[PDB]
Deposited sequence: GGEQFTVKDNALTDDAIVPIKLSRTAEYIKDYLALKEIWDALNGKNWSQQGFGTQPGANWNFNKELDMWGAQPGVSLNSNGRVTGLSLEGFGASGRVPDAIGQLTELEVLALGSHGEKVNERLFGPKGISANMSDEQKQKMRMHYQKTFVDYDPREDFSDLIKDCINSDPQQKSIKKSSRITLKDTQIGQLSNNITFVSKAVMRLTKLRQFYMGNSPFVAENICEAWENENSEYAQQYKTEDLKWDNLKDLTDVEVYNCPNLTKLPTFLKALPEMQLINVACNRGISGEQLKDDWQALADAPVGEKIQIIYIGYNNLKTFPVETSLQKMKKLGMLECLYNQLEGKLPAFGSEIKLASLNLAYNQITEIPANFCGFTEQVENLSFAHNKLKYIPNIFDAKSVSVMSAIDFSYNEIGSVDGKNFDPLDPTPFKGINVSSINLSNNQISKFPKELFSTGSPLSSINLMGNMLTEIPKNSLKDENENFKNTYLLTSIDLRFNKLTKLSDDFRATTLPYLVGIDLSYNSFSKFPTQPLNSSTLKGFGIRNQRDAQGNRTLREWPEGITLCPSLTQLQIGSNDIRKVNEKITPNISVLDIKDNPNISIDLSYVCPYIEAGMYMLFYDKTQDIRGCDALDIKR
């Protein structure tokens, strides 16, 4: 700089250090975002200290040279426009203007979260944060308490954990965490940026890094001559634009990125289904389409996916979730070539999954197609695959509704089965037992058929007349609650099911006791509660005489029936017995009485019932 005294006088330049220039940027950012009125969830920045100490701030990470490497506004409640000063922080690896964490009172950015120069292991953990919080679920949860207790007691089985998945309340959708109304173009200068997160902001799509915050600023004027490009952000792999209610389209900078891998665009319900389909298509058609690996696009208005030819381009895709969208009809396909590790299409109105929808990685644990309008189980799996999935959720669909067929009769390829341990087919319209799951040799250890239209499981349903199937010996849990079952078959005896542990036939129409599953030496629990016919009459009057001879049986639920005379004395090994609401029962509990008094027994009964051998029960 020069001055006048006419005479030109050169003013010695203040050769200010970069880490100091960063701190003047931090203070300018704080000033622009109404920093004096910030108040953290679970603090504020403070500039009432020496200039070289201005790097020491909650939500800010520095390096050994004192340069800003991370900046998070999470929970501060920032209000204003992100100034062009942001472009000074060129050593920035992580940046958060908001996140999905703010909706669940969690800081995603920090030394234990998304941090500059973190381990690949920490990066993965953090990448999976949205998944563990809002998407992951165990489909075995829909098993009855009886069946879940038997699974949890079995050392040879993975116990079923209590549900931890959060579902957003429509109060939270569009609920702002900040009042950021503009984001400067200057972010294109941060060529070292690895993670860029924003969420719960009222800004519009065109004000997200399209223009200078103020084109007459010292920063804008400088960077104007720098030819900044989105192509130069070679390290930006994780981007999130979450729950921004005033978005009507996705910000255009996303398709301009060269190496984006994770994209979280969930809760943008201001964006029409058509517009989001078009923005997704645009991403697949751009060079970044080939790079994307994770898509979080739940809580949106999608009516369908982009065209198959655009989807096919996303070769690196491995995770897709579309929870709570408006997906209708037959879905466009990605192809077998695209291998998914996660897939969750629950809570839509999907009627068909195409033959070539996708492939799968050997790391697949759980998949979900729950809460849709599926007419059939999609033939996109292989029972012959070596990698066995944990569980697949097909609950709350319309499977078996079309002429009682559980599998597309117009499928040219015969059903290849499913390489999964657990199948959840509860709340459907299944009237015919899905035998083809077993004939193809699916390694099923548990099946949930609760809430269907079954009236009987006849003679050859789990086997062929003179031959058993390869893996039916694995089936240890059968949930058949809420059906209209009157009969089973010898398919349930130890000859076909030698390792059966739990069976729940509660809420069915048996009048004759299905004794066949009692042949198992491994059976731990049996449920046959509330047996009723169409007219509401209590059909089960027969006690399973001989059940005290089940060597492993410890829980019997036969309550709310019309059980009469019980000849055998109840044995102490049946430590959980529900006989409650059986007003005409006649049972001798002589042997279980000292166990009752010791608090070592669990009996559900009425003092009005004809119970013999236990005075301690206060029988009226």
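J.: In sequence order, which parts of the deposited sequence are missing C-alpha coordinates?
T.: Seq positions lacking coordinates: 1-5, 11-14, 52-57, 636.
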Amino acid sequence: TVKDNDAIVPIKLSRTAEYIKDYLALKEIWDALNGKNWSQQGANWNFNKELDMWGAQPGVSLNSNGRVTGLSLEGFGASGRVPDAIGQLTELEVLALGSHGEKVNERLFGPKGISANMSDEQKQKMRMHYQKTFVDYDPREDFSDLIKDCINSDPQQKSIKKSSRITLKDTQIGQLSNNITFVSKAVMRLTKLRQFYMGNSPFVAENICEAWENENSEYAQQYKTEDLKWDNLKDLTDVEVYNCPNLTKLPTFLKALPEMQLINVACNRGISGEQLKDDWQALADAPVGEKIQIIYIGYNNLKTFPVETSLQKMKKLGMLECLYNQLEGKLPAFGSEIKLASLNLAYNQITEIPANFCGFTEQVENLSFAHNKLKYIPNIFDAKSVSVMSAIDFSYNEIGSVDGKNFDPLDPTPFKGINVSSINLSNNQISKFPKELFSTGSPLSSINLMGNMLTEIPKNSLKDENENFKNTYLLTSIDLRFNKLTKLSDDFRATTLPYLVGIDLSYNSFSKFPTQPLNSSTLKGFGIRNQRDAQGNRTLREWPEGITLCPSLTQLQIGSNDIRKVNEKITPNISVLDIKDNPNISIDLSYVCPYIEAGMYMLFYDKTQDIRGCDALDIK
From here on, numbers count along this sequence of modelled residues.
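J.: Determine, for stretches 352-360 and 244-252, which one has the higher mean CA B-factor as deposited.
T.: Result: 352-360.
J.: Between 456-464 and 320-328, which has the larger average Cα B-factor in the PDB entry?
T.: Looking at the recorded C-alpha B-factors, 456-464 comes out higher on average.
J.: Go through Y197, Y347, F134, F469 one by one and give the residue whose Cα B-factor in the PDB entry is largest.
T.: Of the options given, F469 has the highest CA B-factor in the PDB entry.
J.: Given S39, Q57, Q557, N48, identify the residue with the highest C-alpha B factor in the PDB entry.
T.: That would be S39, according to the entry.
J.: Please rank the C-alpha B-factors of the chain's modelled residues and tell me whether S61 sits in the lowest, middle or highest third.
T.: For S61, the deposited C-alpha B-factor lands in the lowest third.
J.: What third of the chain, by the recorded C-alpha B-factor, contains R541?
T.: Its C-alpha B-factor, which the entry lists for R541, ranks in the middle third among residues of this chain.
J.: Would you check the entry's CA temperature factor for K384 and let me know if it's in the chain's lowest, middle or highest third?
T.: It falls in the top third of the chain.
J.: Should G451 be placed in the lowest, middle or highest third of its chain by the C-alpha B factor in the entry?
T.: CA B-factor rank for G451: lowest third.
J.: In terms of the chain's CA B-factor thirds, is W30 lowest, middle or highest?
T.: As the PDB entry reports it, the C-alpha B-factor of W30 lands in the lowest third of its chain.
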